Structure formats: C-alpha cells, structure tokens
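Visitor: Sharing a structure, written as structure tokens. Questions coming.
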Amino acid sequence: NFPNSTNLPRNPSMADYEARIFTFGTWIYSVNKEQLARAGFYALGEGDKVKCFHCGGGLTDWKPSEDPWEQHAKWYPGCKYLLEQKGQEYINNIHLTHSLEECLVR
Ligand SMILES: C[C@H]([NH3+])C(=O)Nc1cccc(N)n1
Ligand SMILES: [Zn+2]
C-alpha cells in the first residue's frame, strides 16, 4: 500500500487528537500514547502497531528510546501532516541524522 503524500488525510475519522487517544485503551507499550497521538498516530489494537491518520503509514516494534515524530519522518517523509506540524528543516535534520547514524556504525 503506497503512502499518502497529498494534503488530504487518508483517515479523516482519526483527524482529531481525542479520537486517536481512544483507540489505544490501556497501553502497556514502551512509547507513551499521548506522544504517539500527538504525532498523528492511532492504535490498530495489534500489539504496539500504530498508523498515521494522514499518510496512513504504519509502524510496529517500537523501542523505549524512540521518538514518534522522528520515526514518522524517518519512514513516511512524504507525509503532509508531518510537514505542516514540524516543518521541512526539522524533517531534513532527522533524515540527515539517521543517514549519518547509518554510516558511522558501518
Ligand atoms: C518504530 C520502529 N522503530 C520501526 O521502525 N518500525 C517500522 C518501520 C517500518 C515499517 C513498520 N511496520 N514498522
Ligand atoms: Zn503521516
């Protein structure tokens, strides 16, 4: 499934922060649910799997140190919600950062 790069959300029923929050229920996982919901994510109810309401990009297997906005930018860099909320520049920073990580341990 291709990532949505238009300015229109793939899932408008999940456009509201409050709607996204409800999807998690009791959350046992390593990354905080309010932080996930703030970065556009809602829970699928499949382990720690979340999906962005806008781009539809899915993410599983979250580690405790990992930041929702950073992962959002890393895997779904065409997301227009990400662009609106964080700005190109934050986005490029993240990309430069992860590319330089994926070079200094090699
Ligand atoms: C959040 C985790 N570190 C991660 O990168 N997860 C990921 C990446 C790409 C696809 C899917 N499903 N999950
Ligand atoms: Zn997105």
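Within each chain, counting starts at residue 1; across the structure tokens, chains are named A, B, ... in the order shown, with ligands numbered 1 upward in that order.
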Once DSSP has gone over the backbone, tell me which residues of chain A are in helix (DSSP H, G or I), as JSON, numbers by chain.
Guide: {"A": [12, 13, 14, 17, 18, 19, 20, 21, 22, 33, 34, 35, 36, 37, 38, 68, 69, 70, 71, 72, 73, 74, 75, 80, 81, 82, 83, 84, 85, 86, 90, 91, 92, 93, 94, 95, 96, 97, 98, 99, 100, 101, 102, 103, 104]}
Visitor: Residues as selected, N, CA and C atoms, written as a short mmCIF file (atom, residue, chain, number, x, y, z; two decimals), in the first residue's frame, can you do that?
Guide:
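selection_10.cif written:
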```
data_model
loop_
_atom_site.label_atom_id
_atom_site.label_comp_id
_atom_site.auth_asym_id
_atom_site.auth_seq_id
_atom_site.Cartn_x
_atom_site.Cartn_y
_atom_site.Cartn_z
N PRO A 12 -9.85 10.60 7.72
CA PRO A 12 -10.41 11.73 8.47
C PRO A 12 -11.14 11.43 9.79
N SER A 13 -11.72 10.23 9.97
CA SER A 13 -12.33 9.87 11.27
C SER A 13 -11.30 9.90 12.42
N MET A 14 -10.02 9.82 12.07
CA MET A 14 -8.93 9.87 13.05
C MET A 14 -8.17 11.22 13.08
N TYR A 17 -7.24 14.64 17.70
CA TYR A 17 -6.39 14.07 18.75
C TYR A 17 -7.20 13.15 19.71
N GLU A 18 -8.36 13.62 20.15
CA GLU A 18 -9.19 12.88 21.11
C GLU A 18 -9.67 11.53 20.57
N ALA A 19 -10.05 11.50 19.29
CA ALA A 19 -10.45 10.26 18.62
C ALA A 19 -9.29 9.27 18.59
N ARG A 20 -8.09 9.77 18.27
CA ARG A 20 -6.89 8.95 18.23
C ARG A 20 -6.56 8.34 19.59
N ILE A 21 -6.68 9.16 20.65
CA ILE A 21 -6.41 8.72 22.03
C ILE A 21 -7.26 7.50 22.41
N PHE A 22 -8.56 7.55 22.10
CA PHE A 22 -9.49 6.47 22.44
C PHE A 22 -9.06 5.09 21.91
N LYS A 33 1.41 6.91 24.94
CA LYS A 33 0.30 7.01 23.98
C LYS A 33 -0.07 8.44 23.57
N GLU A 34 0.03 9.39 24.51
CA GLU A 34 -0.23 10.80 24.20
C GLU A 34 0.79 11.37 23.20
N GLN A 35 2.06 10.99 23.37
CA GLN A 35 3.11 11.32 22.41
C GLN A 35 2.86 10.74 21.01
N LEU A 36 2.38 9.49 20.97
CA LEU A 36 2.04 8.85 19.71
C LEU A 36 0.88 9.58 19.04
N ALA A 37 -0.18 9.83 19.81
CA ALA A 37 -1.36 10.53 19.30
C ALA A 37 -1.05 11.95 18.80
N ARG A 38 -0.15 12.65 19.50
CA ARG A 38 0.31 13.97 19.07
C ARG A 38 1.08 13.99 17.74
N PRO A 68 8.15 9.33 18.54
CA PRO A 68 7.12 9.25 17.49
C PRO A 68 7.32 10.16 16.25
N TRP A 69 7.60 11.45 16.45
CA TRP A 69 7.86 12.37 15.31
C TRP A 69 9.07 11.95 14.48
N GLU A 70 10.15 11.51 15.14
CA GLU A 70 11.35 11.07 14.44
C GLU A 70 11.14 9.87 13.56
N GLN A 71 10.44 8.87 14.10
CA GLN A 71 10.11 7.66 13.36
C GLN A 71 9.15 7.97 12.21
N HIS A 72 8.22 8.89 12.46
CA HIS A 72 7.22 9.33 11.47
C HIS A 72 7.95 9.90 10.23
N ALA A 73 8.90 10.82 10.50
CA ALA A 73 9.76 11.43 9.47
C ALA A 73 10.68 10.42 8.79
N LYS A 74 11.25 9.50 9.58
CA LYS A 74 12.16 8.50 9.03
C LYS A 74 11.51 7.61 7.96
N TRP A 75 10.35 7.05 8.29
CA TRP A 75 9.69 6.06 7.45
C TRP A 75 8.66 6.64 6.47
N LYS A 80 2.18 14.91 4.66
CA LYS A 80 1.90 16.35 4.66
C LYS A 80 1.48 16.86 6.03
N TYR A 81 0.90 15.98 6.86
CA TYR A 81 0.64 16.30 8.27
C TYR A 81 1.96 16.54 9.03
N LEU A 82 2.91 15.60 8.90
CA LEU A 82 4.27 15.78 9.39
C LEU A 82 4.89 17.12 8.95
N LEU A 83 4.75 17.44 7.66
CA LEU A 83 5.31 18.70 7.13
C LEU A 83 4.66 19.92 7.79
N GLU A 84 3.33 19.92 7.88
CA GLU A 84 2.58 21.03 8.49
C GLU A 84 2.99 21.22 9.96
N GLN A 85 3.03 20.13 10.72
CA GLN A 85 3.28 20.20 12.16
C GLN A 85 4.73 20.51 12.53
N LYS A 86 5.68 19.93 11.79
CA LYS A 86 7.09 20.01 12.18
C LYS A 86 7.94 20.93 11.30
N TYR A 90 13.20 20.59 10.20
CA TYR A 90 13.15 19.55 11.21
C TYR A 90 13.28 18.24 10.47
N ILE A 91 12.51 18.10 9.40
CA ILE A 91 12.40 16.86 8.64
C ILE A 91 13.77 16.48 8.05
N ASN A 92 14.44 17.47 7.46
CA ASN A 92 15.74 17.26 6.85
C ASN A 92 16.80 16.92 7.88
N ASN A 93 16.78 17.65 9.02
CA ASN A 93 17.59 17.33 10.22
C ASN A 93 17.51 15.87 10.58
N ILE A 94 16.30 15.35 10.75
CA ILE A 94 16.06 13.94 11.11
C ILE A 94 16.66 12.98 10.08
N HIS A 95 16.45 13.30 8.81
CA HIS A 95 16.95 12.48 7.71
C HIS A 95 18.43 12.47 7.64
N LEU A 96 19.03 13.65 7.75
CA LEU A 96 20.48 13.77 7.85
C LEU A 96 21.04 12.99 9.05
N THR A 97 20.35 13.09 10.18
CA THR A 97 20.75 12.41 11.42
C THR A 97 20.72 10.89 11.26
N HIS A 98 19.60 10.34 10.79
CA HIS A 98 19.51 8.89 10.65
C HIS A 98 20.46 8.34 9.55
N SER A 99 20.57 9.03 8.41
CA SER A 99 21.58 8.68 7.38
C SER A 99 23.02 8.67 7.89
N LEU A 100 23.35 9.57 8.82
CA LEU A 100 24.69 9.67 9.39
C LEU A 100 24.91 8.65 10.50
N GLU A 101 23.82 8.17 11.10
CA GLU A 101 23.88 7.03 12.01
C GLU A 101 24.16 5.77 11.20
N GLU A 102 23.43 5.63 10.09
CA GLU A 102 23.54 4.51 9.16
C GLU A 102 24.80 4.64 8.28
N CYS A 103 25.90 5.05 8.90
CA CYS A 103 27.16 5.31 8.23
C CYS A 103 28.30 5.27 9.23
N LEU A 104 28.04 5.75 10.44
CA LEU A 104 29.05 5.76 11.50
C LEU A 104 29.22 4.45 12.29
#
```
Visitor: Can you tell me which residues come within 10 Å of ligand 1 when counting only C-alpha atoms and all ligand atoms, ideally as a PyMOL selection string?
Guide: chain A and resi 31+48-51+57-68+70-72+74-76
Visitor: Identify, on the basis of only C-alpha atoms, every residue whose closest approach to residue A:52 does not exceed 6 Å; exclude the query and any residue fewer than 3 positions from it along the same chain; express the result as an NGL selection string.
Guide: :A and (40-41 or 55-57)
Visitor: Apply DSSP to the backbone of this structure and, from chain A, keep only the residues in strand (DSSP E); write these as number ranges by chain.
Guide: A: 41-43, 50-52, 58-59
Visitor: Between atom CA of residue A:3 and atom CA of residue A:28, what is the distance in Å, rounded to a tenth?
Guide: 27.8 Å
Visitor: Just the number, please: distance in Å from atom CA of residue A:23 to atom CA of residue A:54, one decimal.
Guide: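 Straight-line distance from atom CA of residue A:23 to atom CA of residue A:54 works out to 15.7 Å.
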